[PDB]
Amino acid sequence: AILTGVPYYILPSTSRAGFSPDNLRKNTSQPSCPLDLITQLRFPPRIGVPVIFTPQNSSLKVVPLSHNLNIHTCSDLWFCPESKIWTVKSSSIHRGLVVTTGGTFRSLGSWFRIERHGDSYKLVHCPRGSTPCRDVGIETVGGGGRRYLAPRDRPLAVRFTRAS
């Protein structure tokens, strides 16, 4: 059971290489962050930075699977003027959509879902909060060597583990 409002790390189902907003990797003040990607921490594999899920249905203590929710990074340090809230933006250099921070709670572009996938989970992003949704996977194109979460063809199988 995934709990509303409680911090979890998102990890690949088969690795301990977690994820962080880019601004937190760089760890310095930024004038702005027009495209703050969520990148994988790989050398060495590190747990990353937690997130919190907020179901569209405000009344729910347990996060429903396959239902609209918001995602935001849980971090007391933050080096962007923009929000911690996840969204999706278009990018030329990454040749399409990428997950980024700097969103807005309950906006049209803010909606993701957690869905079962094999014996674990996938994230999907749902434009306008409805189908058709797009799986969230790993991309490298335009990443210059790093891996970043993006709406993809192939979902990243993930699991959630409670933070600290």
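Each residue number is its position in the shown sequence, starting from 1.
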125-133 versus 106-114 - greater average Cα B-factor per the deposited record: 125-133
Comparing 88-96 with 68-76, the higher average Cα temperature factor in the PDB entry belongs to 88-96
Among the choices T28, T54, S120, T101, identify the one whose CA B-factor in the record is greatest. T28
Taking the chain's C-alpha temperature factors as the reference, tell me which third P50 falls into: lowest, middle or highest. lowest
Considering every modelled residue of the chain and its Cα B-factor in the PDB entry, is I10 in the lowest, middle or highest third? lowest
Quick check on the deposited entry: does the C-alpha B-factor of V158 sit in the lowest, middle or highest third of its chain? lowest
